[PDB]
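**Q** The structure's right below; bear with me while I get my questions together.
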Amino acid sequence: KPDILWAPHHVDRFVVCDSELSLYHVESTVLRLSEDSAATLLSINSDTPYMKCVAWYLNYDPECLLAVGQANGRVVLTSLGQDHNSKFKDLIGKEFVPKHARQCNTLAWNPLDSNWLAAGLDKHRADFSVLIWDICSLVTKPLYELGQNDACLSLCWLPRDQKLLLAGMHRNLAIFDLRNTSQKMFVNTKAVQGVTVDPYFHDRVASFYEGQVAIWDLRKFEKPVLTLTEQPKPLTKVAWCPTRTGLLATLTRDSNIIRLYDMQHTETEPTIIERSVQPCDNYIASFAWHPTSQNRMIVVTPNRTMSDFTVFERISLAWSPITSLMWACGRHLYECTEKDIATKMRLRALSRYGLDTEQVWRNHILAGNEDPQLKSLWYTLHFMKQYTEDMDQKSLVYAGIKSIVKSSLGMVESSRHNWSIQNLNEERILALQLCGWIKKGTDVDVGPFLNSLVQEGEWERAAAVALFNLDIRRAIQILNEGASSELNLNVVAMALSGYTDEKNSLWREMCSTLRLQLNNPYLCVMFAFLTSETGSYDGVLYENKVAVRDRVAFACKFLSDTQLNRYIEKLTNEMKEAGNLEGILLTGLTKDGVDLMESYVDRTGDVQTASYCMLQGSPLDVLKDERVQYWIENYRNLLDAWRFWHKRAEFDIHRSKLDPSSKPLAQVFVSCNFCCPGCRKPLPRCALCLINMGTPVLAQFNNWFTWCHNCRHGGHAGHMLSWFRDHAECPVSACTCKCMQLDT
Amino acid sequence: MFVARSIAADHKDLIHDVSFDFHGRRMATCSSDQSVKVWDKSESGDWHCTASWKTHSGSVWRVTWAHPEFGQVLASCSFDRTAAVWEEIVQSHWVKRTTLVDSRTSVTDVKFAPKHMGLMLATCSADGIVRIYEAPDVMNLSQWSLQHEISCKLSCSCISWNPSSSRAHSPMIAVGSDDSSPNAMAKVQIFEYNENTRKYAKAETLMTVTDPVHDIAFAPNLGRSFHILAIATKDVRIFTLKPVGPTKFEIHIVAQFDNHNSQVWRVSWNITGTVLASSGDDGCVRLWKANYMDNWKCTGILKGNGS
Ligand SMILES: [Zn+2]
Ligand SMILES: [Zn+2]
Ligand SMILES: [Zn+2]
Ligand SMILES: [Zn+2]
């Protein structure tokens, strides 16, 4: 079968032994040898038919001297080489002759002597079997000749000994010494069809038979120490790894899977690990390790198709608190750095997020990114605070609107509108103040909202709200005033002006269809409001492309009591289950509010805002719950991991000033050893200026009078900091404790 | 979603694994040459080794780290069927505390326990029993009481448990398998320690996994309402349990990724349990981040060398 060889002294040349001998050359990229490399064939030879073995003359120059054995027993020295600069030109063409004619099986040059070639020939009645030639001066004069009436099948020079040859005969497995040929060491085994000596250990030899592989050593040489599994198909090639220690490459006939075996623990058990790799999806003829490159392979199919691979695995991962994982691959480790939620909380913490004692809404801007959930919660929390201060100036707001509007009395349904708040009962103004329609105060006009919106640049939100207060000459005015900037709204101003309220007026039929072709969804609720057939409030209230705050107000002003409770209750259940931060406007900071924030944590793992929000003036009925106290602990433990210790302290200052029920305790105590109120004894003095404990006399840390918890030897806080800068021993003589360096 | 840079480290033989410290400073490596190392990063960002020695007459492949609330501790699994529990003494002398040679067959895994039950080692050994070691009196580290074992009746491959320190969660153990005989059954079974019975009884069984699992890694709780598993049998099968005497947990497989098509090496969750830094046999090891629709889709790839 065809075989593939490399160039011993070249990193970019390999030859394929086949029906003809072909030399290739590896070229770069950017015959497809690899997905990132390809072949560049240079030379062809076909002079010798019926080739039975190929071997390479491992010297620094000639570059491609190849030794080829034939079926007649004659080894022929042939070269492919390069532009000849002949240094030993006589050698090429020097075919050898055995004195009979048989098959030639194995060939091997001498790694150290570099000039002795060994040939193995099949059996003959009365002639030598193994012949040791000497290609130095058609020379049929063997320098040695061994094995009368026998047939060799494998050959390999031992690495350590300068002149020793290991050979595999038919049933003899002999190691021959080439100083006296009368003697030899031998065993009688069946694994003789191939002999290898591993490079590093150079004392363990591997040999194979049929489908079983045997392992020997040269120090015991009695019985096979290790064996392998009876694979149900014959083997074809076995070769150790010449760069990675421990790998028995293996091949079987008519297959495509190579098996690589791991042997680290070279009497108990054998350490055997096997992993199989398929370089390609076609059948495999033979392979070839690499002498220089890191753990390499090339394979050739029975067709001309070449290929390549590599040999390494079993990587391991280690993570880090700053979210940057570690590689591990043999002699190489790599680290990768940088939206992830963990990464965000780092910048939020470094920006003092959620720590304002001022305009509270300044937290959504402090968060950096723009998100509707956050840019609404802090608006919701700010409004509840301004009411609590205003009411205090003259707490149930924290319940949420669902509990506020349970007792909503009155609820007289309005008749047909009269286009042109204080008549609502106080429970409804409670919902209006939180939403932001009006300000803290009995101002019935929604002007403050209207005039703050125009200067904010939002024009539609100044129209939807305005005519929701029944102002259709201010309706055009909002669109007229904005129309000078930016521009279709002027035409909409005409359309949004007239409406007939008839039963089959042309405006109603046209508008219901002309709504859905527009983009901004406020204009949808615009047309869907005018055409609402006297109570069909099913389009405006459910277009969830609009902010919930408006929908809370608009449903409150119009819908009656029997209609309001069903709507508000059904919205929270969707709000809670889907985990929406906007539900705090409805649910509040009650037991339900804790339930909703479970879903928000469940889907995004945000413990920073879930911690700060529940701390906001909640009572001693949901702040003592197990769930909320778990989030607090995890955030504190997370901060300690990032080594942001001073930031954790500032958070506990805030927690201390808001929840006294989680106060810390004392850890220091004075326990006099004598009884000192009883023994009338003073505490010890410092070891440098010797003044006693307590006597008087920014830089006020200096006289802090620190201590040591192992050696029971203290002193003045600053005196030893000056002393410890040049030494590493306790000031007190007859004590061998290094106080500061013991911590590290 | 990363830039890959190779660290400047040199280990003699082929590396086995890297553990990591708590604050994110010091790792621990291995080799098939019986060697360990700890590299403390300098304030400038450079890495320098500080200790090394010989471990055992075999290979050590599962070195691990401990928590600073107990000082400094390490452990490892090797051929000697023992755990090398070596502490630091301060140039530092890294020798203290005895071995834990109590396993007749080879040890498979070695890991520590969450920091809310004190020190509790655990080791599962090859052909059978899993084993937990505890020591109350942490003033000298040479005492170690077993007091608890199990019988998995299979070749254990990997161990894990959830750092969930909630007062409402019973501690649980997840075990891997390695049997690949021409039959199918179970490869990952979940345990749960009791209080009155004081026994780790068997509760669940993932009856959809049959391939030779290689690693198991819980996701840190951080405050979720349910746990998360992670297997590497054939495809990064991220499971999800939810409690509803055993705790009957409804299973919901939310992950099946063919990308490796391999004998995937290892799986390791992050600090906050969102990104699944997975690995495999063939090549580059990817990530599996999260999406707005709770969708697990690969969001990064980095190759074993200079990529
Ligand atoms: Zn006293
Ligand atoms: Zn002292
Ligand atoms: Zn002093
Ligand atoms: Zn001291």
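Numbering starts at 1 and runs along the chain as displayed.
Each Cβ is built from the backbone N, Cα and C atoms, and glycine gets one as well.
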**Q** Please state which member of A:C675, A:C676, A:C679, A:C689 Swiss-Prot lists alongside A:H716, A:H719 for binding Zn(2+) 2.
**A** A:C689
**Q** Determine, from DSSP, whether A:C675 (Zn(2+) 1 binding site) sits in helix, strand or coil.
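**A** A:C675 (Zn(2+) 1 binding site) sits in coil per DSSP, no helix or strand.
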**Q** According to DSSP, does A:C689 (Zn(2+) 2 binding site) sit in a helix, a strand, or coil?
**A** coil
**Q** What count of other C-beta atoms do you get within 10 angstroms of the C-beta of A:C675 (Zn(2+) 1 binding site), across all chains shown?
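**A** Excluding its own Cβ, the number within 10 Å is 10.
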**Q** Anything within 10 Å of A:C735 (Zn(2+) 4 binding site)? Look among the binding-site residues A:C675, A:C689, A:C708, A:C711, comparing CA atoms, and list what you find.
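**A** Close binding-site residues: A:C711.
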**Q** Would you mind checking how many other C-beta atoms are within 10 angstroms of the C-beta on A:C708 (Zn(2+) 3 binding site)?
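**A** There are 17 such Cβ atoms around A:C708 (Zn(2+) 3 binding site).
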**Q** At the Cα level, what's the spacing in Å between A:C675 (Zn(2+) 1 binding site) and A:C730 (Zn(2+) 4 binding site), rounded?
**A** 28
**Q** Give me the long-range Cβ neighbours of A:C711 (Zn(2+) 3 binding site): same chain, 6+ apart, Cβ under 8 Å, in sequence order.
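**A** Long-range Cβ contacts: A:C730, A:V732, A:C735, A:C737, A:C739.
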**Q** If we skip the immediate neighbours and take only residues 6+ beyond the ends of the repeat 'WD 1' (A:46-88), which ones have a Cβ under 8 Å from one of its Cβ atoms?
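**A** Hits for the repeat 'WD 1' (A:46-88): 3, 5, 7-10, 13, 15, 17, 20-21, 23, 94-98, 100-109, 111, 114, 117, 119, 121, 133, 135.
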**Q** Write out how many residues of the repeat 'WD 4' (A:188-226) are helix, how many strand and how many coil, based on DSSP.
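**A** Secondary-structure breakdown of the repeat 'WD 4' (A:188-226): 0 helix, 16 strand, 23 coil.
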